[PDB]
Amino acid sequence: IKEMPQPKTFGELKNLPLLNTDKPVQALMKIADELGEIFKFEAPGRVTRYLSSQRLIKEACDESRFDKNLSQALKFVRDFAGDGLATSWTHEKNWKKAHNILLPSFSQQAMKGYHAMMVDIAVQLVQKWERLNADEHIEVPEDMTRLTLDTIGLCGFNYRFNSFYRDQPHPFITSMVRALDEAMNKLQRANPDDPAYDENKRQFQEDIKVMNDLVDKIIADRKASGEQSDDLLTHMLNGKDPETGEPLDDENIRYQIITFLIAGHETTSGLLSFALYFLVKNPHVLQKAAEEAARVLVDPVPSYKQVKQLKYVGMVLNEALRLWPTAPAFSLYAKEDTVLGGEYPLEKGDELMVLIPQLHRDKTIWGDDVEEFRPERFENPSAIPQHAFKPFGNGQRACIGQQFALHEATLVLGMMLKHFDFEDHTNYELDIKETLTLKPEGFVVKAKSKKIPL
């Protein structure tokens, strides 16, 4: 047995003020660099332990010993994502019911059916960049968020947010972004019942009503039409769980749609933004990826099978997820008393946080070049030890969207590399904004058309 390290304390507030920052995950990563593979974090009324090494995270990923916990972040998101897949407990009836119903809609086979709708949004992005004037620039995370939100809207419920037609977000998105901001801000809100926050609470309830009203209306409109569009909404209205024999109820369908729109806005857009950041900072990697895109994408419109052939592009995306996993942590609880790593005794109910960026910097796994962007480290994936690479979480509670997100990101990045040369015209300094997820704020490039028609 040994006692674990703990960062600096603030009297009665214990460690809590360490997270009073716009970049709390980055602050935790610096604490992990100082303290090592495990540290205790205390706040009034709570304790958790942050894990950074593959040695300990491999044990945390044992589903016989640990289950998914709702972090306080996810408990606050649950006020609008409800018992959708990401904000439900594994033991809630609606988790396994929705998992069984939706899993076949998210398989690699299912991606063939989404491909044409993904191409529709990807072509809108390429056309926008083709239509820029000389020495205009691209706002990268802004355009990647336009793309990923519109893709999940069109695949999620046959709804066009038309983000490439707008400066100001669709009103639904204004509300969702403000609700996510309120949820994350409440983690660092000193005394939440202060009347100073009556306005924040009124605004939060208005934002919840905006999201519910659009989504409930879309569901009610589809139910009435009987239209059988092959989207997640049709799958959810029709589908029955083989175990219970029950379908999802309309309220749970609404929470699943809200969940998918949160993920589409927050995650894939960060991955695409980081991937382009690393490509412009590593011109030899950019050249290799661009050569693959030109050799494979021989038709005006990429096919499903051609996207599967963009192997190096897939390695670039995995190497971006390694260094900056855009959903940067997940939480676990001990199912029973257990000892972690032969050293750290835990009681039933004890909470763990997995710091994915730190896991992905474990030199015992990756070697001394851990900060280098080297997609070739993914060439022989059978050599990677268990639980070393976890950008999609763990086990039965891993990301249901993994195949969707990687298909969309490989398609888009392949098209971007086929159609444009890129310049880091500002010599951009990485600045990572934290929302639910991580994204590179203020990242701009210039893109010179190779003048290849669509």
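Start at 1 and count along the sequence shown; that's the residue number.
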**Study point:** Greater mean Cα temperature factor according to the PDB record, 183-191 or 380-388
**Key:** 183-191
Point to revise | Higher-B stretch (mean Cα B-factor, as the entry records it), 232-240 or 255-263 | key: 232-240
Check your understanding: Among 310, 102, 355, 339, which residue carries the highest C-alpha B-factor recorded in the PDB entry?
Key -> 339
Review point. In the PDB entry, which of 118, 214, 317, 285 has its C-alpha at the highest B-factor?
Key: 214
Check your understanding: residue 408: which third of its chain by C-alpha temperature factor?
Key -> lowest
Practice item. Select lowest, middle or highest to describe the third in which the CA B-factor of residue 168 falls within its chain in this entry. Key: highest
Point to revise | Chain-wide C-alpha B factor ranking for residue 145, given as lowest, middle or highest third | key: lowest
Revision key, fill the gap. Here the Cα B-factor of residue 397, set against its chain, lands in the third termed lowest
Review point. C-alpha B factor of residue 86, ranked within the chain: lowest, middle or highest third?
Key: lowest
